[PDB]
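Atom set for the values below is all heavy atoms of this structure, side chains included, hydrogens, waters and symmetry mates excluded. Labels below follow one simple rule: chain letters A, B, ... track the order of the sequence lines, proteins then strands, and each chain is numbered from 1. Numbering of ligands and ligand atoms starts at 1, following listing order.
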Amino acid sequence: XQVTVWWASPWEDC
Amino acid sequence: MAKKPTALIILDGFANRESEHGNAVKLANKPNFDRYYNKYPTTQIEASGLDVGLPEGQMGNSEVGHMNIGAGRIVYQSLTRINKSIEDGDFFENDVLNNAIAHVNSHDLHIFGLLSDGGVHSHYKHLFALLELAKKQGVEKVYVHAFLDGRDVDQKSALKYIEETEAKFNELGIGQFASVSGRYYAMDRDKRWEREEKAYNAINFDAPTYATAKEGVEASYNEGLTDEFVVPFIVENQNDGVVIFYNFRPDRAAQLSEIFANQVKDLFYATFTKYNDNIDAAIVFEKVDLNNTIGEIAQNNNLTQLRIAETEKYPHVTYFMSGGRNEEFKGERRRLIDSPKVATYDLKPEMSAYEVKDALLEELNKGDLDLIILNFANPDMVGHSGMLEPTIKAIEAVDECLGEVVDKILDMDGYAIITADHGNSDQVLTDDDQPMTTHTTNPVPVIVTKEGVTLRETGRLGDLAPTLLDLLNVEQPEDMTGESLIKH
Ligand SMILES: [Mn+2]
Ligand SMILES: [Mn+2]
């Protein structure tokens, strides 16, 4: 989610 | 004037599976869904693997699924794109890589990166391609600084990756390990700079030293510390001091990218992708800009649209549905319904579905909506519990809401597409009756509540927006390479 961006595994490590 | 609504209804984490065993979808009493399924045209579409821009074999997910739904095309992920550029050669013609190579030959190359096949932050096969490229363009000194995973892959697996990579060093002839750091040091992201420092130093200043990568790692194991927590260390006589960073996810590469960047002279510094690290780096891969998602096409045909979901899937029907964009389109409005505050949603399987349903009925009664994008989060959020009876009650609550919603749309002479973004609740137990807490690779159902049409017998999430545009009698832009599921 918020910690990352859509093109960098937004389903993981949240 | 008043309008007849067209609604996309996403039952999140709800797919087709043959067996009833651990299958909350089939065990649930869902009379409304079943009534619509028997009455109206139906098909089933792919929501996993390459069909949603992921690597072959990989289960789908809410972020990827909602982006593919909104985009009306396959949205290719970074990992998939890089893998494809290697399989097709583009990688080796990459300007920023050939530049980097030319620069160390004219001053006649370090490589940083998470050394695993986790695919979340990096993939070491991309390292194998960097090496091979350097072996083609004849590079002499290649130093690989390894960050150890144990988190996106098996907790104690670093020796496998190190062994395969030194085999590659040998089967290829160049490259060696200069330093080895657990990602707990080189890939912190919570501003814990005491941890970042140890990794900076190993990469050749004050730091532990061992004769091989294997030796230091085995030393860590003997001290109860697995790959993620491996204390940084130098490989003896193998690190001559000081660049490509092959991680493609910024959030865990940024802090280390800032330490290193923020005293050497004439340093060529590249990152596989642009990080938020506040320094000037060459960028190996540029993003695809997504335009003409369904929200933009609705806007440009002067349609009104609503995005609605409770908290857990609100990003998905807004930011991800709009192609990675937070801003509303003109004509777009949104309803956020608060999710229950519980640690896990098996404690309240109905979540806030009834309040989502009531909020939707309020908006439909205004009579001003062309397009509705609604997600019921429950099957996915409860199914992640791996508990059968909670996930059944989650589907039963959604089914009751679904009936009130679709019946109103149909009484306004509108249309609904009832589908999902990937599976989950169709398997909440393993075959040995243990909790199964992940998404599935199963295909998702599609119901189109228009009589007298025939649907294509297969498809993918990228086809849903074309289908909506079909029902809206709106022209489909070229950017949308998907195809309407309605036959003509
Ligand atoms: Mn989902
Ligand atoms: Mn999920």
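Ring to ring, B:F272 and B:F285 are close: their centroids are under 6.0 angstrom apart. Aromatic pair B:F320/B:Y314: ring centres not closer than 6.0 Å.
Rounding to 10°, one obtains 110° for the angle at the Mn ion (ligand 2) between NE2 (B:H439) and OD2 (B:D380). Seen from the Mn ion (ligand 1), atom OD2 on B:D12 and atom OD2 on B:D421 lie at an angle near 80° (rounded to 10 degrees).
For the Mn ion (ligand 1), the set of nearby N, O or S atoms under 2.8 Å includes one belonging to B:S62.
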Please test B:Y124 against B:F147 for ring pair (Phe, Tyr, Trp, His ring centres under 6.0 Å), starting from the C-alpha separation and ending with a verdict.
-> CA-CA 11 Å; B:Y124 78 139; B:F147 317 142; over 10 Å; no

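The local environment of NZ in B:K366 is crowded, with over 12 non-hydrogen atoms from other residues, nucleotides or ligands closer than 6.0 Å.
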